[PDB]
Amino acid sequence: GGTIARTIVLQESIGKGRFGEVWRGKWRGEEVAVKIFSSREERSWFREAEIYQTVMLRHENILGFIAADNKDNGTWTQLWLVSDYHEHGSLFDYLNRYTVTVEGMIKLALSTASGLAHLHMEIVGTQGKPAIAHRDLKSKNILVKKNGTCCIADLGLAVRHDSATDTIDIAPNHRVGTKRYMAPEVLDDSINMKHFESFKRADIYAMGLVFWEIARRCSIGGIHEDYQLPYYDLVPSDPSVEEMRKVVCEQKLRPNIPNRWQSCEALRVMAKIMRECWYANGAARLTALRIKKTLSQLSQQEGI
């Protein structure tokens, strides 16, 4: 029989995904994360398995995929996905529990941008990698590793591009991600979903929101802000597309950038990156590769 799910023992319930239940399990003596889907969720399981098996996807800042498998308990079949386990869990959880140093903030922002740049990058060759857009980037979908760096997770809603024909591998539905992090063009449905670059640009808007969440938690001289989700000051919990659209598209508001972020170079660099991810016009936003370059130049300066 099989050598994956058969030999894994579930230990602790982690929580529920969009589809699938998440667990901490033990495989060959090591801790692993397991996501379990029912038979009726096969389409969601298969699509996530497909994204994680993309040629050349592996990267230090992308969740490490182990395997897709099935497990029959004698009554029903379970569809499994197995990955590396990260004890800190999400960046959302990490930022709620802790404050970070200037060094800590740059490590989190650089690692996030490096993972997104890798996802977004097309690699030519026999073992080429297609460009991939996430479509649901948020702090709850980024995990924090023991070394204080991030890895991008929740790849189930991703879209992949074929550069030669300029085609996207699936027929994309509108507004699939988390409403709070939807880019202006997604909220007002002006996004041209036939152009792959549109999805990459919408991911950068969401990454800007995540950088704002991190920067709030950066403590200098014991001074920092409390943890908040972006737009906590303007929309209810679980906002609708309409509530977000009125704020982001009509009133044209963005998360507030505090005055204290101008007192420190690292916070001035982060604040400038945010403003340049938040442009209503996606074509004006920075690329993930440009952000990675800016933050790498900053990490080198701070001696991280």
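Each residue number is its position in the shown sequence, starting from 1.
> Comparing 285 to 293 with 7 to 15, which stretch shows the greater average C-alpha B-factor in the deposited entry?
The stretch with the larger average C-alpha B-factor is 285 to 293.
> In the PDB record, does 116 to 124 or 165 to 173 carry the higher mean Cα temperature factor?
The recorded data point to 165 to 173.
> Taking the Cα B-factors listed in the entry, which of 259, 251, 53, 70 comes out highest?
When the deposited C-alpha B-factors of 259, 251, 53, 70 are compared, 259 is largest.
> Which is it among 228, 77, 139, 99: the one with the largest CA B-factor in the entry?
In the PDB entry, the greatest C-alpha B-factor among 228, 77, 139, 99 is found at 99.
> What third of its chain, lowest, middle or highest, does the C-alpha temperature factor of residue 30 fall into?
Residue 30: CA B-factor falls in the middle third of its chain.
> What third of the chain, by the recorded C-alpha B-factor, contains residue 88?
As the PDB entry reports it, the C-alpha B-factor of residue 88 lands in the middle third of its chain.
> In terms of the CA temperature factor given in the entry, to which third of its chain does residue 243 belong: lowest, middle or highest?
Middle third - that is where residue 243 ends up once the chain's C-alpha B-factors are sorted.
> Which third, lowest, middle or highest, does the CA B-factor of residue 184 fall in along this chain?
As the PDB entry reports it, the C-alpha B-factor of residue 184 lands in the middle third of its chain.
> Classify residue 208 as lowest, middle or highest third according to the C-alpha B-factor given in the PDB entry, relative to its own chain.
For residue 208, whose C-alpha B-factor we compare with every modelled residue in the chain, the answer is the lowest third.
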